[PDB]
Every structure is written in structure tokens, then in C-alpha cells.
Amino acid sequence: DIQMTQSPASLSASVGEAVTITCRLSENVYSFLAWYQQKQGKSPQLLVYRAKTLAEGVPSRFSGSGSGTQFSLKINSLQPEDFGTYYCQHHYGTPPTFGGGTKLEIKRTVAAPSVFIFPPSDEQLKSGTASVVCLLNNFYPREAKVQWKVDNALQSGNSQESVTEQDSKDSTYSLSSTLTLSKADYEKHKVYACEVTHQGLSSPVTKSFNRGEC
């Protein structure tokens, strides 16, 4: 088995910019290297084969070069929909092996999150649990801090987050954090808030509700 190594592991760049990623192989494969793009929840899609041959439907912006043990992929001008993981794969006999990927993010102008908060449904409360949801919408960069405060007390161990993939047009991320509490616990405290720190916000913004529509 040939072993393969891509650089960078990770990369951010703005629309219209030019990008080169590289692949490095244990063995001489001559020309038998392929390149794929992949996105979350979706299959990989061939971009290049035989080191240079562009696949059908692939924009002219994509370009493959290299030989032997060293190979490269270039995009002459980035587009908002070019985010994803980029894999190289020799196709020089059994077994065909892949690289570990390169994660391309689109860099863009800093954007501040729109923060919203959602108290537990009456129905969920009957169930015996309370879920409080904090939403951060359409922000760049991805890095953001959510602090859960109840009656101004910091909360740990009861929050889970998930983030969306970069928007194909907006190039923004969105995030959600959820606080899970037994009903009795939720009944003990009065004010539930989330506090967002992000590069777009000069000071952390807070969004709060008084339990019971108080």
C-alpha cells in the first residue's frame, strides 16, 4: 500500500483568490493520481484523473499537475461553493489509497451572529425535561463562544453545540447551543440567558428570558 500525505491539512481563502494544495506519495505512481471534492453528507466527486485530465462537468478553474511522488491541485479563482474536503488518490494498481484530506473554507468579511433564544415548550415541560435553545445565525468566522447564565450564574456540563456547514452563497456559519435540564431544576431558577462572544461583537451580546413569561 502506497501512503499519501496532503498539505495543508486546512486552508481559508477569499473568493477570486488562487489556491494550490499538494499531495505526496511513498512510491512513484508516474501519472496515476486522481482528485476529488467532498461535502458533508454527500459522496466525493471526481475533479481530476491521470494527474491532469479534467473530468466532465468540472469548471476550467480546476487544474491538476505533478508526477512521480509529488502532485498539486490549483483553483485559479475561488468561488463561494468551493468549500469542502479535497482528497487525492493514486490509481496505480491495487490497492487504491486516499489522502487524509484538505479542508478548504471560504474566507470572507467578518459578520456578527444574530442571536435568538427559545424557552422550553409547555409540552416538553409536561414530559419532565426542559431544553433551552440559543441560536447564532449567519456569522463569520466560525469561532464563537456561548456562555449559559442562569440568574447570572455560569453553567457548565449541560450545554451541547452544533454548527452548520459554510453557506454555499453566504459563506457564513450558524451555531446552536442547547441547555438540558430536569423540570425541577428548571423550576428552581428564574432568568435563563445565553451570552455570545464573537469577533463581530465589540462586547458580548446577551439574550435572556424570565421563566414563565415573567
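The numbering used is simple: start at 1 and walk along the sequence shown.
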Between 43-51 and 162-170, which has the higher average C-alpha B-factor in the PDB entry? 162-170
Tell me which stretch has the larger mean Cα B-factor in this entry, 76-84 or 121-129. 121-129
Of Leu25, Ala9, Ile21, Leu201, which one's C-alpha B factor is largest in the deposited record? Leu201
When the modelled residues of the chain are sorted by Cα temperature factor, does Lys107 land in the lowest, middle or highest third? middle
Using the temperature factors of the C-alpha atoms in this entry, rank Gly57 within its chain: lowest, middle or highest third. middle
In terms of the CA temperature factor given in the entry, to which third of its chain does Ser208 belong: lowest, middle or highest? middle
Ordered by C-alpha B-factor within the chain, which third holds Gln155? Give me lowest, middle or highest, please. highest
Split into thirds by Cα B-factor across the chain's modelled residues, where does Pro95 land: lowest, middle or highest? middle
